[PDB]
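S.K.: Below you will find the structure I want to go over with you.
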Amino acid sequence: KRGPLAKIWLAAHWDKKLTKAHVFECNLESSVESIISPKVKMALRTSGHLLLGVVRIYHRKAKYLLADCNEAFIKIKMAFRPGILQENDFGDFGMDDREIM
Amino acid sequence: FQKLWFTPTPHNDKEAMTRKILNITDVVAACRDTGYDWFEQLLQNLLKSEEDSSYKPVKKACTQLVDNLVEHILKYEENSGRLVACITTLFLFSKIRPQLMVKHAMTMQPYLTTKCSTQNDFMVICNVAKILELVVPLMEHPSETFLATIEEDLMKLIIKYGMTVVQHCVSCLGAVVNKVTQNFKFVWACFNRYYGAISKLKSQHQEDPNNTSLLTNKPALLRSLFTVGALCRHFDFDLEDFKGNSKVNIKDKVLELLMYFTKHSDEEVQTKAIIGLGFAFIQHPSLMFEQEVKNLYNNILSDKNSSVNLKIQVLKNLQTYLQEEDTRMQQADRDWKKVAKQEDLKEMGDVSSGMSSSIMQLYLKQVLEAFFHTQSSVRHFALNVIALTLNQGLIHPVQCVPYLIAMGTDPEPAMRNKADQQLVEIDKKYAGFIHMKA
């Protein structure tokens, strides 16, 4: 929704609309999580929700970093040194639910 | 179907509308064999599912179809399949909503007046009688001469035709007499004549069991038995004003008289007497409790009787009682708010509710035994009675599972189809039961 913490809301509630463009550099962890702790009138419930949100964000960042690193390492190992009736249900009793009267 | 038929069809290109009427009449006249429950369900759904104003798209097409069918019936003037089918469609459209045919009843009146001796004509008379029953009380400020001629021709019809027409017309006569007019002295004199005739026959027979005048006037006696039965069923004249004096317990009278004529030597007399008792029963259920009625049924249904029309008649009595009681209960519950403020909170009646159960416990066992009969009609009627019982839960299901299983091996397909479907419904609710009786 709306706010400098909407991303964490989404990551804690819906998580599907959150795109690979959002996750990467939208939120500066060391600043946003720091913002969450002294924020005015924060209920414990919503705080727990936000905790799961920020942890999911961080986990996704880890996933992407691993994927890109693996891609790079696979690249670097390259070089160029030039030197009939088969299965029918038995009759119709399987699927021929009879008409009522 | 809401897009295929019930569309407003503006007043041009009349050929399409006429073709639509042809199509719908064809559909219903072909659907006459199986049942009309599905058609009514569909039409119920289409009408209810748009309750807001919203141009009332189905209402316009419906009213234009019924009035155009009226006009088609008029312009027919003189293939009979289409006439009977059109009247049948009118009947269904009255049943689903009754206001649709308030205006055209005066145009429907002439067919009831006079007719011929052919079958399809009798079906027309029966259907128009049904329509009149459904619509006449709802008519905004009717004309008294119209009611007068209605009752007159209804009586003229009662005293001149066969069984089914007598039934389906005394129904509408009783309804119209108890809903709008009040001239019940006429019907009282009618029952006086019939009661007196049959009682004189009884008295003459009591000491002359070998006389011959009875073998001559038999038709009058038969018609009298059926008529007094139907009258006692549909239109109860054991009340304050019908007699006009101190009550002489007429219901008990007719009970004893019919019960007398049950024991006799021919067959048609017995069948008509049992029919009379059944119609009497559907009005006073408590009579089933009487010892003579008990022993009568529990002897006819058992004891390896030669007759096969008595057994069929008994089972048909039970079947019509169950159906009629169900319909009365439902349609009497639907209009609660008119009587709610005048019923107790501390009572919670049962004798008006539990009764329908109790009855079955006196006969049920015997009916089940009737599954093992060599005829087919007896088996069909027994299965109808049990499948009407169980569908309201009246009786405990797992004591009539074995018979309902052995009915799964008849030749006729509709029989075992109904049986097996009843069985799968018995199972789907209650997990264990079938494993108990296998």
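Just remember, in the structure tokens the first chain shown is A, the second B, etc., residues are 1-based per chain, and ligands are 1-based in the order shown.
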Would you tabulate, counting only C-alpha atoms, all residues of chain B that have an atom at most 8 Å from an atom of chain A, showing the closest pair of atoms and their distance in Å to one decimal, sorted by chain then ascending number, as a Markdown table?

M.R.:
| residue | atom | partner | partner_atom | distance |
| --- | --- | --- | --- | --- |
| B:34 | CA | A:101 | CA | 7.5 |
| B:414 | CA | A:101 | CA | 7.0 |
| B:417 | CA | A:100 | CA | 6.8 |
| B:418 | CA | A:101 | CA | 6.2 |
| B:421 | CA | A:100 | CA | 7.1 |

S.K.: With only C-alpha atoms as the counted atoms, please give the residues lying no more than 7 Å from stretch 12-20 of chain A, apart from itself and same-chain residues fewer than 6 positions off, as JSON, numbers by chain.

M.R.: {"A": [49, 50, 52, 53]}

S.K.: Give me, as a ChimeraX atom specification, all polymer residues having an atom no more than 8 Å from residue B:371, counting only C-alpha atoms and skipping those fewer than 6 positions away in the same chain.

M.R.: /B:378-379,382-383,403,407

S.K.: Write the residues of the selection above to a file with C-alpha atoms, as a short mmCIF file (atom, residue, chain, number, x, y, z; two decimals), in the first residue's frame.

M.R.:
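File written: selection01.cif
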data_model
loop_
_atom_site.label_atom_id
_atom_site.label_comp_id
_atom_site.auth_asym_id
_atom_site.auth_seq_id
_atom_site.Cartn_x
_atom_site.Cartn_y
_atom_site.Cartn_z
CA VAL B 378 -47.53 -54.20 -6.47
CA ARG B 379 -43.73 -54.03 -6.27
CA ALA B 382 -44.47 -50.65 -2.49
CA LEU B 383 -41.20 -49.05 -3.59
CA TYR B 403 -35.35 -55.20 1.13
CA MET B 407 -34.97 -54.61 -5.00
#

S.K.: Skip residue A:35 itself and residues of its chain fewer than 4 positions away, then list as JSON, numbers by chain all residues within 12 Å of it, counting only C-alpha atoms.

M.R.: {"A": [4, 5, 27, 28, 29, 30, 31, 39, 40, 42, 47, 50]}

S.K.: Can you list, as a VMD selection string, all residues belonging to stretch 256-409 of chain B that DSSP tags as helix (DSSP H, G or I)?

M.R.: chain B and resid 256 to 262 268 to 283 285 to 289 291 to 300 309 to 333 340 to 342 355 to 369 377 to 390 402 to 406

S.K.: I'd like the neighbourhood of stretch 46-62 of chain B as number ranges by chain, where a residue qualifies if any of its atoms comes within 10 Å (using only C-alpha atoms), though same-chain residues fewer than 4 positions away should be ignored.

M.R.: B: 1-3, 5-10, 40-42, 66-68, 93, 96-97, 100

S.K.: Quick one: write out the picked residues with C-alpha atoms as a tab-separated table (two decimals), in the first residue's frame?

M.R.:
chain	number	residue	atom	x	y	z
B	1	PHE	CA	-32.51	-20.82	-21.20
B	2	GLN	CA	-33.05	-17.24	-20.01
B	3	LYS	CA	-31.35	-16.15	-23.24
B	5	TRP	CA	-36.68	-18.19	-24.70
B	6	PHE	CA	-37.38	-15.54	-22.05
B	7	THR	CA	-36.32	-12.43	-23.97
B	8	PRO	CA	-38.63	-9.40	-24.45
B	9	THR	CA	-39.28	-10.11	-28.21
B	10	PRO	CA	-40.48	-6.64	-29.42
B	40	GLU	CA	-40.92	-25.76	-12.34
B	41	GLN	CA	-37.51	-25.65	-10.65
B	42	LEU	CA	-35.95	-23.87	-13.65
B	66	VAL	CA	-48.94	-16.34	-21.45
B	67	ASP	CA	-51.20	-13.70	-23.03
B	68	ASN	CA	-50.09	-14.68	-26.54
B	93	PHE	CA	-47.41	-20.95	-15.81
B	96	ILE	CA	-45.33	-20.96	-10.82
B	97	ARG	CA	-47.02	-17.58	-10.35
B	100	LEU	CA	-50.20	-14.10	-14.56

S.K.: Would you kindly return, as a PyMOL selection string, each protein, DNA or RNA residue with an atom no farther than 10 Å from any atom of residue A:60, considering only C-alpha atoms and excluding same-chain residues fewer than 5 positions away?

M.R.: chain A and resi 20+23-24+54-55+65-66

S.K.: Within 12 Å of residue B:23, counting only C-alpha atoms, which residues show up once you throw out same-chain ones fewer than 2 positions away? Write them as JSON, numbers by chain, please.

M.R.: {"B": [4, 5, 16, 17, 18, 19, 20, 21, 25, 26, 27, 28, 29, 30, 82, 85, 86, 89]}

S.K.: Using the selection just defined, write its residues with N, CA and C atoms as a short mmCIF file (atom, residue, chain, number, x, y, z; two decimals), in the first residue's frame.

M.R.:
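Written output follows (selection_13.cif):
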data_model
loop_
_atom_site.label_atom_id
_atom_site.label_comp_id
_atom_site.auth_asym_id
_atom_site.auth_seq_id
_atom_site.Cartn_x
_atom_site.Cartn_y
_atom_site.Cartn_z
N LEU B 4 -32.44 -18.06 -24.34
CA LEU B 4 -32.98 -18.77 -25.49
C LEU B 4 -34.48 -18.55 -25.68
N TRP B 5 -35.24 -18.44 -24.59
CA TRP B 5 -36.68 -18.19 -24.70
C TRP B 5 -37.08 -16.86 -24.08
N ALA B 16 -41.31 -15.32 -35.32
CA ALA B 16 -40.41 -15.86 -34.31
C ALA B 16 -41.15 -16.19 -33.02
N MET B 17 -42.06 -15.31 -32.61
CA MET B 17 -42.84 -15.54 -31.40
C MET B 17 -43.71 -16.78 -31.54
N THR B 18 -44.43 -16.89 -32.66
CA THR B 18 -45.22 -18.09 -32.95
C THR B 18 -44.36 -19.35 -32.94
N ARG B 19 -43.16 -19.27 -33.50
CA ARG B 19 -42.27 -20.43 -33.48
C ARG B 19 -41.82 -20.77 -32.07
N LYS B 20 -41.61 -19.75 -31.24
CA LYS B 20 -41.25 -19.97 -29.84
C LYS B 20 -42.36 -20.70 -29.10
N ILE B 21 -43.61 -20.30 -29.33
CA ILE B 21 -44.75 -20.97 -28.72
C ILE B 21 -44.81 -22.43 -29.17
N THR B 25 -44.44 -25.54 -26.38
CA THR B 25 -45.49 -26.55 -26.30
C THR B 25 -44.96 -27.94 -26.64
N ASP B 26 -44.10 -28.03 -27.65
CA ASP B 26 -43.49 -29.31 -28.00
C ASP B 26 -42.70 -29.86 -26.81
N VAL B 27 -41.88 -29.00 -26.18
CA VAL B 27 -41.04 -29.42 -25.06
C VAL B 27 -41.89 -30.00 -23.93
N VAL B 28 -42.92 -29.27 -23.51
CA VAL B 28 -43.70 -29.73 -22.36
C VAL B 28 -44.50 -30.99 -22.71
N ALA B 29 -45.13 -31.02 -23.89
CA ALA B 29 -45.91 -32.19 -24.28
C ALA B 29 -45.04 -33.43 -24.43
N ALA B 30 -43.75 -33.25 -24.72
CA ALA B 30 -42.87 -34.40 -24.73
C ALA B 30 -42.39 -34.75 -23.33
N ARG B 82 -51.92 -30.14 -29.74
CA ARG B 82 -51.47 -28.77 -29.48
C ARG B 82 -52.40 -28.07 -28.50
N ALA B 85 -51.61 -29.55 -25.04
CA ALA B 85 -50.29 -29.10 -24.61
C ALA B 85 -50.30 -27.62 -24.23
N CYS B 86 -51.02 -26.80 -24.99
CA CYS B 86 -51.10 -25.38 -24.68
C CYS B 86 -51.80 -25.15 -23.34
N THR B 89 -49.38 -25.96 -20.64
CA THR B 89 -48.41 -24.89 -20.44
C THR B 89 -49.01 -23.75 -19.63
#

S.K.: Please compute the atom CA of residue B:265-atom CA of residue B:197 distance, one decimal, in Å.

M.R.: 20.1 Å

S.K.: So how many Å separate atom CA of residue B:156 and atom CA of residue B:236, to one decimal?

M.R.: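 Taking atom CA of residue B:156 as the start and atom CA of residue B:236 as the end point, the length is 21.1 Å.
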
S.K.: Would you please work out which residue, of A:33, A:87, A:71, A:96, is nearest to residue A:57 when using only C-alpha atoms?

M.R.: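 Among A:33, A:87, A:71, A:96, it is A:33 that comes nearest to residue A:57.
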
S.K.: Measure the distance from atom CA of residue B:32 to atom CA of residue B:88 in Å and round it to one decimal.

M.R.: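 Atom-to-atom, atom CA of residue B:32 and atom CA of residue B:88 are spaced 9.3 Å apart.
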